[PDB]
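Need coordinates for the below:
(4 chains)
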Amino acid sequence: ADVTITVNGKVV
Amino acid sequence: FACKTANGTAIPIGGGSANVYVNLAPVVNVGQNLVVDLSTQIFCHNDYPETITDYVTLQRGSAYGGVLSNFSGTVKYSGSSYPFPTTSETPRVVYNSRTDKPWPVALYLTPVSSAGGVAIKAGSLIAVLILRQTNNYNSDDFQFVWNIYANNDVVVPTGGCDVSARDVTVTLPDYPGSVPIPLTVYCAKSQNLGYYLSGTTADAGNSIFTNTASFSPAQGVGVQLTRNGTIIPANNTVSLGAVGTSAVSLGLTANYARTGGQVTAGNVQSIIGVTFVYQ
Amino acid sequence: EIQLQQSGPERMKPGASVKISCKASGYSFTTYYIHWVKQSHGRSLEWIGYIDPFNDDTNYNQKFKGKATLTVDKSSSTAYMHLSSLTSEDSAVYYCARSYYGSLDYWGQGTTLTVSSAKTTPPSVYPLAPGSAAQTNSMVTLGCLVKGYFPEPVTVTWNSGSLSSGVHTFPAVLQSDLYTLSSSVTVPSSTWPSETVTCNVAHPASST
Amino acid sequence: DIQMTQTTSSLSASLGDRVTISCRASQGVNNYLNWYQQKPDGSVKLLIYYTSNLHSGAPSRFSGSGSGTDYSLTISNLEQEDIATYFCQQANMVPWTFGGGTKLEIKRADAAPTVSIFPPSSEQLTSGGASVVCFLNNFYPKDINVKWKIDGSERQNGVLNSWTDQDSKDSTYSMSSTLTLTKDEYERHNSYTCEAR
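Residues are numbered from 1 along each chain as shown, chains lettered A, B, ... in the order given. This is the structure:
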C-alpha cells in the first residue's frame, strides 16, 4: 500500500 | 570555518553539535535516488584565511538517522562518490577565504523496493553527519555533529519508480455512478511493473470493499474498482507491462457495488491502498 | 557497459577557441562527477577540474581556471570542455573521465587538439642510396626521406610492402610547423640493384 | 600542491618476473591513491584504487599497498600484455595530482648499433636544401648517444633526432638523425660522418 486512495460517495 | 543555512540561519559553533533544517527535493534516478543536496543549502567560509587554511572531512560513522536509519547509499563528496554510511574518513575539503562556497555534499539511497516511499514530516530527523575539522597550522583537531532535519514535508522514494500522487481522493457522483482515478506510474529505467489491491474487502469474491463512513452510513453499498471493464479483486496482481520514463495511467475506475440486499441512503467511503511489484 | 565517446581531433589557429564534447552512456549521468585530464606531449598527466552534472558546480585547477571551462547538457547526457585563447602549449590529448571512490574509474578515447598556424601541404621526398659501395656484403640498408607535410599522418611503404619486415619507420617530428619523417629498409644483397626498390608514400587531405 | 613522485622512470623488466613500482607522496594521504595503466595506443585505465582495491575488470595479478608517503604496485608474473606505462595519483586533496610515470620494458641480450650514413640526393641539392641522414638500427640498451662531425669538427645545430619505440618481436632500439643543410653550406665543407656510442 504505497499509494492510498480515498473514495467519497453518497446515496440518495 | 563559519557556516549558515539556506535561510540565512548561522549554524552555531561553541556547542559540541548542531541541528540543521533543510529543504528536501527527492528524485528517483537509475541505480540511486537523491535525498538531499547540501550544495544548495549549506554555505561555509573562512573568516581569517591568512591565519588558517581549514579542512573538513566526513568522519566515519556518518549515517542516515530518524526514519531513514535502516537505509544505505552513497555520498557525493568533494569530487567523488563513496558508500554511505561512511566506513572511513573521506578526503579533505579546503576553505581558504572569507568568500562563501557551498558544502559539496549530497546523499543518495540504494533502491530496496518497487515504488514505495517513507514519509518525511517537517521537523523530523534525516541523517547524522559526524564531521572532523583540522588545519594547516595549530596542531589542533576537532569533531562536531550536524543533525539534519527536514523543514518541509516530503516522501522519499525507495523504489526505481515513482507515482503521480501518494494520496488521491475521488468523489463519486450519486448512486449508481463511477469516475476515473488520476493515477500514473513512471520509471527512470525501462522496468516491468505490476500492482495488487490492498483493503478490507467485504464479499466472497473479494472484489468489493466495505463502507467505512463514520456518519449516517449507507448500508449494502460498497466500492468496486475496475480497469476497462475488468473487475480487479483484492490480493491479485495486474501487470503494467514494460514501464519507462513515460508515465502510464493505471486504468482504474471507481464504482458502486451492491452488497447484501436492501439499501439505505447516506454517505459512503472506502480507503484503498495500491502496492507495486517487480515483474 | 560504461563508455565515454568524445569528438574527433581538432585543428585550430592560435587565438581560436575550441569545444570538446564527451557523450556518456551506460549509467545515470547525474549521479557521478566528470573530470578532465590533459596529457601533454611529454606524456605526463595533468588535472583540469570537475563538474557535477546535477547542479553544475565546478572546481578548476588553479593552473587553468582562467582558460578552461566546463559545462553540461543534462538532456543528452553530454559534457563539454571549452578552452579559449589557444597557444602552442595547448597541443595535447584531453580525456573526459568518470569518478568513483576517489578514482577515475572510466576514461574516454581522448581527443587530439592541434594548435597550428601552418596550412595543408603535400611534402617533398628524396631517395637515399648507399653512396660509397655495399659496405657490408651480406645485407644492405636503404631508406627514403619525407620532408614537409601537413597534417599527420603520412604512410610510407616499400614496393607496396614487398620489402617490409626490415622496415624502420621513425615517428614524425616538427620543424617550423612542417612535419619531417624518414623510413629505412634493409634488403638482401642479391635483390638490389636486382629489383626496383623505390619507396611509396601517401598523404591524406591531399590525395597524393 | 601535493608533489607525487615515482622512483624510476623506466623499469628494465623481463618476462615471468615479479616487478614492483613504488611512488612517494610529498605529504601523507589517507590511502587515497590509485594506479593507472596506459597502453602504447594511448588508452588509460584504472588498475587499483584506495591503495589496495582491484577495479572491476582488471587482471587478478595486480596488487598495491602502502601507508601515507609510501606506496607500491606489484605484478606477480609479467605477461606481454603488461608492457605499458604506469601512473599513480592521489585523490585526497584537490587539486588531484599524478606521478611522473614508469615505462615497463623487456630485457634481452645486448647489441651494438648498425651505423650508416647517406648523402643528400640529386633532387634535394637541386632545390637549395640538403639533408644528411644517419640510421642506427637495433641497438641495445635504450640509452644511446649520437654525434655529427664535418671535416673533423662537431656540429650541434640543424639536427633532429628520432627514436623508435622498443620493437615488439626483437625488442631492440632504433634511432635516426638528420642534419639539414643548404647549398651555400653543404658545399663549403668536405667530409661528413655520423658517430655513435
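
Pull up the residues of chain C that are close to chain B.
By Cβ under 8 Å from any Cβ of the partner chain, the residues of chain C that approach chain B are C:27-28, C:30-33, C:35, C:50, C:52, C:54-55, C:57, C:59, C:99-103. Where C-beta positions appear, they are placed from N, C-alpha and C, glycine not excepted.

same thing but at 6 Å, please
Within chain C, the residues that sit near chain B (Cβ under 6 Å from any Cβ of the partner chain) are C:28, C:31, C:33, C:50, C:55, C:57, C:99, C:100, C:101, C:102.

Next, give phi and psi for the residue nearest to the last one when sequence neighbours are not counted.
To tie it back to what came earlier, the one meant is residue C:102. Take residue C:102 and drop its neighbours on the chain: the residue closest to it by Cβ to Cβ, 6 or more residues apart in numbering or on different chains is residue D:91, 3.5 Å away. For residue D:91, the backbone dihedrals (degrees, to the nearest 10) come out as phi -120, psi 30.

which element is the spatially most central residue of chain C on?
Geometric centre of chain C, nearest residue: residue C:112, 5.3 Å, by Cα atoms, centre = their mean. Using DSSP states H and E, residue C:112 falls within strand C:111-115.

and that strand, which strands flank it?
Here strand C:111-115 has these sheet partners by DSSP bridges: strand C:10-12 (parallel), strand C:92-98 (antiparallel).

which outside residues touch the last one?
Strand C:92-98 is contacted by residues C:4, C:20, C:22, C:32, C:35-40, C:104-108, C:110-112 when judged by Cβ atoms under 6 Å, 6 or more residues apart in numbering or on different chains.

Quick check: chain neighbours aside, which residue is closest to the residue of chain B found nearest chain A?
Minimum separation of chain B from chain A (Cβ to the nearest Cβ) falls at residue B:273, amounting to 2.6 Å. Distances taken as Cβ to Cβ, 6+ apart place residue A:1 nearest to residue B:273, at 2.6 Å, with adjacent residues excluded.

circling back: distance between the strand holding residue C:112 and the chain's centre?
Put simply, strand C:111-115 sits 7 Å off its chain's centre (Cα atoms, centre = their mean, to the nearest Å).

now stretch D:117-130
32 Å.

buried residues in that stretch?
Using 16 or more other Cβ atoms under 10 Å in any protein chain shown as the test for burial, stretch D:117-130 gives D:117, D:118, D:119, D:120, D:121, D:124, D:125, D:129, D:130.

For the nearest residue to the fourth one once chain neighbours are set aside, give me its contacts.
Nearest residue to residue D:120 in three dimensions, chain neighbours excluded: residue D:130, at 4.3 Å (Cβ to Cβ, 6+ apart). The neighbourhood of residue D:130, defined by Cβ under 6 Å, 6+ apart, consists of D:120, D:124, D:181, D:186.

Could you do residue B:122 as well?
Contacts of residue B:122 (Cβ under 6 Å, 6+ apart): B:151, B:152, B:153.

switch the cut-off to 10 Å
For residue B:122, the contact set (Cβ atoms under 10 Å, 6 or more residues apart in numbering or on different chains) comprises B:21, B:23, B:24, B:149, B:150, B:151, B:152, B:153, B:154.

From those residues, keep the buried residues only.
B:21, B:23, B:24, B:149, B:150, B:151, B:154.

about what we covered before: what's the spacing between the residue nearest to residue D:120 and chain A?
84 Å (Cβ to the nearest Cβ, to the nearest Å).

most neighbours, which of the residues of chain C next to chain B?
Highest neighbour count within the residues of chain C next to chain B: residue C:102, with 29 neighbours (other Cβ atoms under 10 Å in any protein chain shown).

The closest residue to chain A within chain C: what's it in contact with?
Nearest residue of chain C to chain A, counting by Cβ to the nearest Cβ: residue C:28, 22.4 Å away. Residues near residue C:28 by Cβ under 10 Å, 6+ apart: B:29, B:30, B:31, B:32, B:188, B:189, C:53, C:54, C:77.

could you list every residue that touches the last one?
So the one you mean is residue C:77. Contacts of residue C:77 by Cβ under 10 Å, 6+ apart are C:22, C:23, C:24, C:25, C:26, C:27, C:28, C:29, C:30, C:53.

CSV for the residues you listed, including distance to residue D:196 and secondary structure?
Below are these laid out as CSV (distance: Cβ to Cβ, whole Å; DSSP: H, G, I helix; E, B strand; the rest coil):
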residue, distance to residue D:196, secondary structure
C:22, 46, strand
C:23, 49, strand
C:24, 50, strand
C:25, 52, strand
C:26, 52, coil
C:27, 53, coil
C:28, 58, coil
C:29, 55, helix
C:30, 58, helix
C:53, 54, coil
